[PDB]
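Numbering-wise (mature numbering (1 follows the signal peptide of the UniProt record, and there is no 0)), the sequence shown opens with residue 9 and increments by one. The structure appears below as structure tokens.
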Amino acid sequence: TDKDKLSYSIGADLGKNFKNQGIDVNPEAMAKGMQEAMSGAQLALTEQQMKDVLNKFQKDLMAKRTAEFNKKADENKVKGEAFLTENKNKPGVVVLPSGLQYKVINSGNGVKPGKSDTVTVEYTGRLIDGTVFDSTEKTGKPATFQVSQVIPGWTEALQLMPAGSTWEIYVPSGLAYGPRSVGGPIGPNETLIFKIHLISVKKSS
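Pasting the structure below:
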């Protein structure tokens, strides 16, 4: 039933998303006004009426998502201060003054990078609950970055890591993206975990 089936598939993708974001919407009232609009028919409401309705909506929805974002921030920060607290007691783990922790997996003996160097690395990043959010082993290929053009916690660790080294680091949100997180699996104030293997460094420091 192509067309009536395409319609169905579209509706479902729409309903999925409204129920995810929490929106009491009435599909049939939506149907009716979509039809009236597509048949150039007599609209039950005027331009401004519908417009003022869709602003009170965006206003509604900006308020909702501010509150969503703020819950996420209190909750993410609390889950990190406990993750980090319990991690502290696990063997191998060292806490640095800045709250960054690391476990050494293998010690290199090559040069250490500085602020104004470029590094090549292989890494996996995951959230406290083990959701992987990025990995070089998914692109089959290593990554190149300037030491001072990455999150604070990478910058601090890297300056302690001889090339050849493999470390697991645990990164308080203050040293990561902070509360500036607006999209995806990484929410505001999320504590981040990385395995980092440092292959090479472009200069001394």
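For each residue, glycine too, the CB sits at the ideal point set by N, CA and C.
* Round the Cβ separation of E198 and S213 to the nearest angstrom and send it over; I've been treating them as touching at under 8 Å. => Taking the sequence shown and counting its residues from 1, one reaches residue 198 at position 190. Taking the sequence shown and counting its residues from 1, one reaches residue 213 at position 205. Wrong, their Cβ atoms sit about 30 Å apart, outside the cutoff.
* Asked: Given that a residue counts as buried once 16 or more other Cβ atoms are within 10 Å of its Cβ, and exposed if not, what is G148?
  -> Position 140 of the sequence shown, counting from 1, holds the residue named residue 148. Exposed, because fewer than 16 other Cβ atoms sit within 10 Å of the Cβ of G148.
* Asked: Candidates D32, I136, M70 and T54: which alpha carbon is nearest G88's?
  -> For the purposes of this step, residue 88 is taken as the residue at position 80 of the sequence shown. It is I136.
* To do: Thinking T132 and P150 are a contact (beta carbons under 8 Å), I'd like their distance in whole angstroms, please.
  => Mapped onto the sequence shown, residue 132 falls at position 124. Mapped onto the sequence shown, residue 150 falls at position 142. Contact flag wrong, Cβ pair sits at about 12 Å.
* **Local Cβ density within 10 Å of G191, reported as buried at 16 or more and exposed below that** => Here residue 191 is taken as the residue at index 183 of the sequence shown, counted from 1. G191 should be labelled exposed.
* To do: Name the two residues that bound the continuous beta strand (DSSP E) containing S208.
  => In the sequence shown, counting from the first residue as 1, residue 208 sits at position 200. It spans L200 to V209 - the beta strand (DSSP E) in which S208 sits, taken as one unbroken run.
* Starting from the Cα of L166, find the closest Cα among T139, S189, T74 and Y110 and give me that residue. => In the sequence shown, counting from the first residue as 1, residue 166 sits at position 158. The residue with the shortest Cα to Cα distance from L166 is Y110.
* Asked: When you compare each of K72, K24, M70 and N84 to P193 by their alpha carbons, which one comes out closest?
  -> One-based indexing of the sequence shown puts residue 193 at position 185. Ranking the options by Cα distance to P193, first place goes to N84.
* Roughly how far, in whole angstroms, is the beta-carbon of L183 from the beta-carbon of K120, given that I think they are within contact range, below 8 Å? -> For this step, residue 183 is matched to residue 175 along the sequence shown. For this step, residue 120 is matched to residue 112 along the sequence shown. The Cβ separation is near 19 Å, so there is no contact.
* Between the CA atoms of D125 and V140 - distance to the nearest angstrom -> The residue labelled residue 140 in the question sits at position 132 within the sequence shown. The residue labelled residue 125 in the question sits at position 117 within the sequence shown. Rounded to whole angstroms, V140 to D125 spans 27 Å at the Cα level.
* Just how far apart, CA to CA, sit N117 and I18? -> Taking the sequence shown and counting its residues from 1, one reaches residue 117 at position 109. Taking the sequence shown and counting its residues from 1, one reaches residue 18 at position 10. C-alpha separation (whole angstroms): 57 Å.
* To do: Could you check the C-alpha separation between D12 and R134 for me, to the nearest Å?
  => For the purposes of this step, residue 12 is identified with residue 4 of the sequence shown, where counting begins at 1. For the purposes of this step, residue 134 is identified with residue 126 of the sequence shown, where counting begins at 1. Their backbone Cα atoms lie some 42 Å apart in a straight line.
* Among all the DSSP beta bridges, which residues are the ones paired with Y16? -> If you number the sequence shown from 1, residue 16 lands on position 8. Looking at the DSSP assignment, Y16 forms no beta bridge with any residue, so it has no partner.
* Using CA coordinates, which residue listed in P196, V61, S208 and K146 is at the minimum distance from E76? -> Along the sequence shown, one-based indexing puts residue 76 at 68. Checking every option, the nearest Cα to that of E76 belongs to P196.
* Taking only the alpha-carbon atoms, compute the straight-line gap between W175 and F202 and give it to the nearest angstrom. => For the purposes of this step, residue 175 is taken as residue 167 along the sequence shown, with counting starting at 1. For the purposes of this step, residue 202 is taken as residue 194 along the sequence shown, with counting starting at 1. Between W175 and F202, the C-alpha separation is close to 8 Å.
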